[PDB]
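Everything below concerns the one structure shown next.
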Ligand SMILES: CC(C)(Oc1ccc(Cl)cc1)C(=O)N1CCC(CNC(=O)CCl)CC1
Ligand SMILES: CC(C)(Oc1ccc(Cl)cc1)C(=O)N1CCC(CNC(=O)CCl)CC1
Ligand SMILES: [Mg+2]
Ligand SMILES: [Mg+2]
Ligand SMILES: [Mg+2]
Ligand SMILES: [Mg+2]
Ligand SMILES: [Mg+2]
Ligand SMILES: [Mg+2]
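Residue numbers (PDB author numbering), protein chains in the order written: chain B, 591 to 595; chain B', 591 to 595; chain A, -4 to 231; chain A', -4 to 231. A prime marks a further copy of an entry chain.
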């Protein structure tokens, strides 16, 4: 999965 | 801490 | 509210203790109590709220994905019928996840967003609104899926518009907002080109503004820039 | 019971799903429901029950230790008074921990132990009884601390006596029982020499019986033997 913050 | 199972 | 009898300061203290103990459900409950006191949140307090719910919903999303994968495999050809249990339990987790999202969205609507006038606070809360609509979108399959997606998009767009007007391109909230909106485009809106363009333009405009920063601000901004780069690498 | 309407087989299926999703509170609730159906548990089912509650209480113990350490530091000389919040929140976690222990002990007493006639089942449940009294002992400070410690000791001792009569020295339940009883001696009973003697004698008697085992049984027994060795290394 892609990075989120 | 020591190992337990 | 079960936290109605506890002092605001005590709720914030206990949220910090819960974080140290990795008790994120407790942390979230304490922060919900603090919000419900009705006062605006400071920067530190906003970040306690976000950390708490991020960790709670993150766990639920991870569990949901495990169960959804098992469910999808059960519905392939050649798969032996195992009854309704996988669907039931995925639904249970899903319903709990939706409940947490609804709770956060409720806090934002009553009344965090409307009282947030500074760009730093308003953008922070609008990013949260987009994020929790995005989590709802991840599990949505019905009459309202399009409206949930549009709610996420609208919240992110308002946050983007404010952030571009009111914050430097290296501001960590502005960067994190862009990072997440880019993921929204890629994973939810079926718009990978938009995702990639956003991540690239955000990275490049941040790069150009790093020279203005102290060492400590530089550290924060470059961390998020690296996440933008990681996504770009994943996607290209 | 909230699980009263769900089929036993469905509860077991869902416990396995919860394990895959790392949803250990759910796993424990499903297994409590399965126990409350009133039938004996198979070997696999006993291990689902233990895995579930081990993970739940393990998280609570870890949190308790974090909070107790913060509390102990607050009560040193030179420490600024921060009010009752650290104690309150440690107490909250403690009370939840005790509740989980009481729940497990209740399942064992109503009626898992009394219906367990085979050595494998009876030793397994008595080990659990010792373990959950040990967790109660870790947090006990009152009139009953000695009685809690004695309850742990008694359960472990009965398990040891059966295991020595009825199981080979390499049986993984017998080994794990000894491992944990040794830790009881070291950490709870203030008997480090007993802890060390038990671990050593257990290791050595297992070593001598490895030759009887298949490759797969050998793997299981040697894993626990290594834990005995690790503790001995920690303690000497
Ligand atoms: C991960 C990192 C570097 O950045 C972000 C960026 C955006 C979000 Cl929503 C969360 C984390 C981070 O933890 N921090 C610590 C908290 C800081 C909060 N700052 C503000 O509210 C006003 Cl600038 C951001 C950086
Ligand atoms: C860790 C390891 C190798 O051993 C133990 C030993 C004791 C306990 Cl209480 C738990 C784990 C292990 O996971 N397994 C898998 C489960 C097996 C269960 N066996 C029985 O009930 C009858 Cl022999 C033991 C080994
Ligand atoms: Mg007050
Ligand atoms: Mg649903
Ligand atoms: Mg653009
Ligand atoms: Mg039935
Ligand atoms: Mg107490
Ligand atoms: Mg002896």
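C-beta: ideal position from N, C-alpha, C; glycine also.
Applying the 10 Å Cβ sphere with the 16-neighbour rule, what's the burial state of residue i?
i                       : result
residue 216 of chain A' : buried
residue 164 of chain A' : buried
residue 119 of chain A' : buried
residue 229 of chain A  : exposed
residue 122 of chain A' : buried
residue 176 of chain A' : buried
residue -3 of chain A'  : exposed
residue 129 of chain A  : buried
residue 85 of chain A'  : buried
residue 232 of chain A' : Outside the displayed range of chain A' (-4 to 231) lies residue 232 of chain A', so it cannot be described from this structure.
residue 25 of chain A   : buried
residue 29 of chain A'  : buried
residue 218 of chain A' : exposed
residue 209 of chain A  : exposed
residue 158 of chain A' : buried
residue 146 of chain A  : buried
residue 166 of chain A  : buried
Anyone know if the C-beta pair for residue i and residue j falls short of 9 Å?
i                       : j                       : result
residue 593 of chain B  : residue 226 of chain A  : yes
residue 151 of chain A  : residue 172 of chain A  : yes
residue 102 of chain A' : residue 52 of chain A'  : no
residue 205 of chain A  : residue 213 of chain A  : yes
residue 16 of chain A   : residue 61 of chain A'  : yes
residue 182 of chain A  : residue 110 of chain A  : no
residue 44 of chain A'  : residue 14 of chain A'  : no
residue 125 of chain A' : residue 179 of chain A' : yes
residue 8 of chain A    : residue 77 of chain A'  : yes
residue 82 of chain A   : residue 66 of chain A   : yes
residue 107 of chain A  : residue 12 of chain A   : no
Residues in the same chain with beta-carbon distance under 8 Å from residue i, minus the five sequence neighbours each way, listed in chain order, please.
i                       : result
residue 162 of chain A' : 114, 115, 118, 168, 169
residue 68 of chain A'  : 74
residue 89 of chain A   : 59, 134
residue 34 of chain A'  : 3
residue 203 of chain A' : 164
Residue i and residue j look like a contact to me (Cβ under 8 Å); what is the Cβ gap, rounded to whole Å?
i                       : j                       : result
residue 22 of chain A'  : residue 47 of chain A'  : 4 Å
residue 98 of chain A'  : residue 27 of chain A'  : 7 Å
residue 190 of chain A  : residue 220 of chain A  : Their Cβ separation, rounded to whole angstroms, is 16 Å, which puts residue 190 of chain A and residue 220 of chain A out of contact at 8 Å.
residue 148 of chain A' : residue 184 of chain A' : 7 Å
residue 5 of chain A'   : residue 80 of chain A   : 5 Å
Counting only the same chain and skipping the five closest in sequence on each side, list residues whose C-beta sits under 7 Å from that of residue i.
i                      : result
residue 0 of chain A   : none
residue 143 of chain A : 128, 131, 132, 135
Can you list, in chain order, the residues of its chain whose CB lies under 6 Å from that of residue i, leaving out five sequence neighbours each side?
i                      : result
residue 127 of chain A : 96, 99, 100
residue 3 of chain A'  : 29, 32
residue 19 of chain A  : 47, 50, 51
Original post:
Where in the region 101 to 161 of chain A do unbroken runs of the alpha helix (DSSP H), each at least 4 residues long, occur, reported from the N-terminal end onward?
Top reply: Taking only runs of at least 4 residues, the alpha helix (DSSP H) segments lying wholly in the region 101 to 161 of chain A are 114 to 134, 140 to 161.
**OP:** List in chain order: all unbroken alpha helix (DSSP H) runs of 4+ residues lying wholly within the region 33 to 92 of chain A'.
**Re:** 38 to 69
**OP:** Jot down the residue ranges of each uninterrupted alpha helix (DSSP H) in the region 149 to 219 of chain A', minimum 4 residues, whole runs only, in chain order.
**Re:** Runs found: 167 to 178, 187 to 202.
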